[PDB]
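Trainee: Quick one: the structure is below, questions incoming.
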DNA sequence: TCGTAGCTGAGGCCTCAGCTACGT
DNA sequence: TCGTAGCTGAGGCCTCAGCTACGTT
Ligand SMILES: [Mg+2]
Ligand SMILES: [Mg+2]
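Chains as they are written, first to last, in our numbering: chain A, 1 to 259; chain B, 260 to 544; chain C, 545 to 832; chain D, 833 to 1117; chain E, 1118 to 1221; chain F, 1222 to 1329.
Structure representation (structure tokens):
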């Protein structure tokens, strides 16, 4: 439970002191308390930081993202140990039945197609939308660049939450790490993809840099979930922790996200 | 795509320049070409680095590991686009047969008992030492008869007296435990580098059971140092224990430094646990 | 200005310093900013104070009450002047027509009877109450038929019994009188502030006392004390006295807003004075 | 019920003991029996008194007056039960006929002009002085022709020069005004004591018009002092003006002190306004 | 029904600075502010008119020095003041109650 | 009314008389900094809190780290109130730590 | 070019008892 | 036993730069 998404763009040095992140540039200096921080995004290559700070950023389970020189995200910090004792959930994950993984993965993919449909309906394609519901009972441009940026953001969120629960992200429910080190996050974030799709659609006319900014909306906006308006990361935490429960067979019924 | 495992533990600043990692400390400076690097391990909290370097470290799919202040690993960089080859070891570790884990764990425990015995012999207890070899010979898979613990009792009794137990709160145990934590963090490091998870030991609460298992035969290295300084105050034992990082020890046929041994030992143990090899590597004192 | 009713009853020494009242007794000392003070009540004979303070108490138009050794009120400070220029209102008061004084006095005594009736109704005497409205309807200028007094008799009889008379010498009357004196001092104050003289009643001028006009204006508010005393008619006098301070805390419906009593009194008075000067035409109304 | 008008103006403490008012403190102490007291006037902000005394002062229906720092009256104690005899004067003042107010006001203004003239004569302006008597003789009810103001102009011109006006901001006027304020506060005091309201003058703003009216004939007393010290700085005029409170002046055939005169003069003027007497009292210089 | 909370940090470096402070602190006392804590003062204010009035008076007596800062707390909030350590100031001046006894 | 991004206002006057007293203060002031309080003015600190739960939590932590010295006092101000702080003289602290906005740029 | 804990001394902030000068 | 305004020096409150000792049961 922190709330700030701290984005860094300026030639600077990040430090740690008394539970604060310490930011130093010309002549801007700034202290921010770690408990307030949800995400730290390192947008540029001109930034310098300390292993002390990174240890503490991992302690407080802060999402840390790194970027390339075109300011696209290329990776994140992946903690090894995401709770006490995470070992308990590990032995359970290895026990996940093939049949159950199926029920859950399919239930989730279904929520996605539903949300794609709702999105289409919302754009007055009543027809094409209804066609996707039918399916459910059964290149290289600015638009994709933004879609992908957005999906990477969603990915890093669920990756985080999964690790915290004591799971490994490498093991997808259908594909179990064959392609990716993060398939399981990729699987859990499926129903949330349309959240990006909406934002990008709305700004489909704009240049890439404007889509990138409008996408930070995900971290500020609030979305209907379990009858309450909640922030995206809080949803992700509940959704993830609850999905993990039904895969362990401590409950029945996958949680639902609708747009 | 490279071969070097680059360990950093001095107060320093890492940079990037012309396809090189750039390392700068008070006197020492060093350049290393990224194409030569397989792994970058950031052992301490005194190191400072740049996002430029980290971008490039991700481009060349280099495994980057971070550690806490006890020098144990706590996380790594996870690229979104590609993969370092340690990823493959995970699928193999999950495949480790119960029967094989048994063979390896027992083989390892046996090396420990042996080394406990050699240590006793070295202190002119030819007799008690030979008794521990007897116990070794009666080991079965996963030591259900607990010869390990019997050897351990007799071993410590002979070294520190019959009044001595390892549960009691004294200077000798405090040092023994400090030393063991040092060994633990070393093998924890090496295990993670190989692509394994330290959390689950070969024989079953700790986040590092598997490191705890691999370091078993190296325990007597601490026992020696503490025995020699059993008369001293705790602070003097703590310093004399740093010998582990300086001294050289017989391994394979060569005098090697402890961390180099640990690296070989670990990677090689992991191989025989994947069944790419037969025959656990051996450490003797 | 203010809101505090400051009661003093410990052996003490009152002074003035930097816009504060300064209270000093042996155990302790207290400073209170004059702008916060609405009323200063000097309950006991063990208190000592300075003329400096009294000047300032008059400047900030604070009601100051003095008491006897049984802690009953026996008088007030009566400022001679102000708001300045009070002269304007003086010349107007002297001009008050006999006919108009009549209309206003009668309009006011009518409000009282009404409120007496409402009070009776509130105690489930639907009948006796309706009888007092009958009396109200038969009022003529300056009440020569003394409907006021007949209403008053019946009113008090119904409330406290047929044995009861406003004379004399029981706890109930002692409290009623205490309360009325409190109301009197409030309106006396407000009247003087408007630039009027409190000596001159609308009906009897100053024949019987030096505060008739206050006595006249407070008429409709009498039932406010009657209520409090009725409710505590069983209690000892000291408990009635305290329960009566409610007047300075409670809030009462007036001109469609819940207001504090002294604020009401100010508006009511200033507005009554206007219709007496003939700057306005309808007496303001207080109902309970 | 008594006779004494007790005026207090020294830093002091009033108390009560055995039917006496008790006045302290050193140099001076005094006891006065309440039955002897008609009025208690608290002239200054120096005094301290007790609620005990005030209770008793109310019991014996003694008129108690308070003053401000300029020694003007600002209020009185109003008992709820009973009344001092000054209350009766109010009903009478309200009855003062317009015609009579006229006779008295004019009679008083006339005394002023006379005294202005005597003052001029005293400075060897036999001529200008006689001219003011001429003006006096042409007075009519309420001086509609404003002889008062003409007399005043000529008077001051002769005394301080043709360049002099009473509007202009100099030391002479400052002193004149100081002096007049002193006279004002005296008569204000006395008027209130008699049971009158100072606020409405005989001829119609100010809260003290009626005091302003009664003090008219006494103005030249200040004019004399200021004239004599017209050369001096303001602070010296101010001090020389305190003479009014020390000196003695001819009044009703006897040399009397100013405040005693004021008391008699006022109380007697009030009588002729009520029509209990004919013939305004006279002050000459 | 409110409490104005006035907080200053004013320089003492020079004798004009000090004079300015003493003047200001006097203004505050005369105006009926209560020291809650050093450098921290509170004036109880009845309604909006009193406030806009007080603010105007403060502005007129502004000593152009230091950091002087005002906050408007509701009576509710201010009486809920949690005393982590030490005890409340029980002067009457600091309560909001209509009726006040000086020793019953 | 809201308290949404409320602001806890902490005010102390603590004794300096003896070295135990001073130590206690330094400990307490450290706790405060570590807990993310901002010095607004000398003996006066403010911590932005997210909702009421965060507050009851913070209060409990404060009570545990209570130095048992001096006069230490807490007030709850609403975001609305605190941002309306009138600056009679001097100027505002423009730290990010002192805003309540979720998205923050270190040079945008 | 990493952090902590704990103390010190320089230097500015803040109040108050006690004094002087003053005031129709 | 009435008030004000203004200054000083003693003495307590408060922060910050700068230093030392320390660093895997
Ligand atoms: Mg301060
Ligand atoms: Mg403070």
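C-beta: ideal position from N, C-alpha, C; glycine also.
Run the CB neighbour count on residue 1223(F), radius 10 Å, all protein chains shown included, and call it buried at 16 or more, exposed below.
Mentor: Exposed, because fewer than 16 other Cβ atoms sit within 10 Å of the Cβ of residue 1223(F).
Trainee: Starting from residue 1181(E), follow the alpha helix (DSSP H) in both directions and report where the run begins and ends.
Mentor: From DSSP, residue 1181(E) is part of no alpha helix (DSSP H); its letter is neither H nor E.
Trainee: Any Cβ of chain A within less than 9 Å of the Cβ of residue 1256(F)?
Mentor: Judged by the 9 Å Cβ criterion, residue 1256(F) is in contact with chain A.
Trainee: Return no unless some Cβ of chain E is closer than 9 Å to the Cβ of residue 1266(F).
Mentor: Chain E, which has no Cβ nearer than 9 Å to the Cβ of residue 1266(F), makes this no.
Trainee: So, under 8 Å CB-CB, residue 787(C) and residue 776(C) are touching, yes? Tell me the CB distance rounded to an integer number of Å.
Mentor: Contact holds; Cβ gap of about 5 Å.
Trainee: In the DSSP assignment, what are the bridge partners of residue 516(B)?
Mentor: Answer is 507(B).
Trainee: Tell me the DSSP secondary structure of residue 318(B) in three-state form.
Mentor: Helix, per DSSP.
Trainee: So which residues touch the region around ligand 2, with touch meaning a C-beta under 5 Å from any heavy atom?
Mentor: The filter returns 1154(E), 1155(E), 1234(F) and 1264(F), in chain order.
Trainee: Run the proximity test for residue 311(B): is its beta-carbon closer than 8 Å to any non-hydrogen atom belonging to ligand 1?
Mentor: No; taking the cut-off as 8 Å, the Cβ of residue 311(B) has no heavy atom of ligand 1 nearer than that.
Trainee: Could you name each continuous alpha helix (DSSP H) segment of 4 residues or more that falls completely within the stretch 433-479 of chain B, going from the start of the chain to the end?
Mentor: Whole alpha helix (DSSP H) segments, 4+ residues: 468-473.
Trainee: DSSP beta-bridge partners for residue 64(A)?
Mentor: According to DSSP, residue 64(A) bridges with 40(A).
Trainee: By the three-class DSSP mapping on this structure, what secondary structure does residue 268(B) have?
Mentor: Coil.
Trainee: Return no unless some Cβ of chain F is closer than 9 Å to the Cβ of residue 137(A).
Mentor: So, not an interface residue.
Trainee: Looking at residue 1124(E) and ligand 1, is the gap between the Cβ and the nearest heavy atom below 8 Å?
Mentor: The answer is yes for residue 1124(E).
Trainee: Checking the sheet assignment: what are the DSSP bridge partners for residue 1265(F)?
Mentor: Per DSSP, 1232(F) and 1262(F).
Trainee: Nearest to residue 1201(E) by alpha carbon, out of 1286(F), 1264(F) and 1270(F)?
Mentor: That would be 1286(F), whose Cα lies nearest to the Cα of residue 1201(E).
Trainee: Does the structure place the stretch 841-848 of chain D close enough to the stretch 553-569 of chain C that three or more beta carbon pairs sit under 8 Å?
Mentor: Because the criterion of three Cβ pairs below 8 Å is not met, the stretch 553-569 of chain C and the stretch 841-848 of chain D do not touch.
Trainee: Using a C-beta cutoff of 9 Å, does residue 1179(E) count as contacting chain F?
Mentor: Chain F contact via Cβ: present.
Trainee: Taking a Cβ distance cut-off of 9 Å, strictly less, list which residues of the stretch 744-764 of chain C are near chain E, in chain order.
Mentor: Residues: none.
Trainee: Answer yes if the stretch 789-804 of chain C comes into contact with the stretch 764-776 of chain C, meaning at least three C-beta pairs across the two stretches below 8 Å, and no otherwise.
Mentor: Counting Cβ pairs under 8 Å, three or more are found: they touch.
Trainee: Straight-line CA distance for residue 1003(D) to residue 1065(D)?
Mentor: Residue 1003(D) and residue 1065(D): Cα-Cα distance of roughly 7 Å.
Trainee: Anything in chain C within Cβ reach of residue 879(D), meaning under 9 Å, just list it in chain order.
Mentor: In chain order: 594, 595 and 596.
Trainee: Which ranges does the beta strand (DSSP E) cover as unbroken runs of at least 3 residues, wholly within the stretch 600-684 of chain C, from first to last along the chain?
Mentor: Those beta strand (DSSP E) runs which fall completely within the stretch 600-684 of chain C and span 3+ residues are 607-611 and 617-623.
Trainee: Between residue 1161(E) and chain C, is there a C-beta pair that is closer than 9 Å?
Mentor: Yes - at least one Cβ of chain C is within 9 Å of the one on residue 1161(E).
Trainee: Taking CB distances under 9 Å as the criterion, tell me whether residue 1219(E) reaches chain F.
Mentor: By this cut-off, residue 1219(E) is not an interface position.
Trainee: For residue 585(C) and residue 577(C), what's the separation of their Cα atoms in angstroms?
Mentor: Looking at the two C-alpha atoms, the distance is approximately 16 Å.
Trainee: Decide if the stretch 1004-1023 of chain D is in contact with the stretch 1034-1044 of chain D; the criterion is three or more beta carbon pairs, one per stretch, under 8 Å apart.
Mentor: Flag = yes, the stretch 1004-1023 of chain D and the stretch 1034-1044 of chain D touch.
Trainee: Could you tell me the boundaries of the beta strand (DSSP E) in which residue 535(B) lies?
Mentor: Run containing residue 535(B): none; DSSP gives neither H nor E here.
Trainee: Would a check of beta-carbon distances place residue 548(C) closer than 9 Å to chain E?
Mentor: At least one chain E Cβ lies under 9 Å of residue 548(C).
Trainee: For residue 917(D) and residue 798(C), what's the separation of their Cα atoms in angstroms?
Mentor: Cα to Cα, residue 917(D) sits roughly 39 Å from residue 798(C).
Trainee: Quick test of your reading: residue 1025(D) and residue 882(D), contact by CB under 8 Å. State the CB separation rounded to the nearest angstrom.
Mentor: No, residue 1025(D) and residue 882(D) are not in contact; Cβ-Cβ is about 23 Å, not under 8 Å.
Trainee: In whole angstroms, give me the CA-to-CA distance for residue 821(C) and residue 639(C).
Mentor: Rounded to the nearest angstrom, the two C-alpha atoms are 8 Å apart.
Trainee: Counting Cβ pairs, one atom from each stretch, are 3 or more of them under 8 Å apart for the stretch 938-954 of chain D and the stretch 962-973 of chain D?
Mentor: Yes, the stretch 938-954 of chain D touches the stretch 962-973 of chain D.
Trainee: Whose C-beta lies closer than 6 Å to the C-beta of residue 814(C) among residues of the same chain, with five residues either side of it excluded?
Mentor: Result list for residue 814(C): 738, in chain order.
Trainee: Just to make sure I have the definition right: I need the residues of chain F whose C-beta is within less than 7 Å of the C-beta of residue 1126(E). Which are they?
Mentor: Those within 7 Å of residue 1126(E) in chain F are 1262 and 1263.
Trainee: Are the stretch 1143-1163 of chain E and the stretch 1206-1216 of chain E touching, with three or more C-beta to C-beta distances below 8 Å?
Mentor: Touching, per the Cβ criterion.
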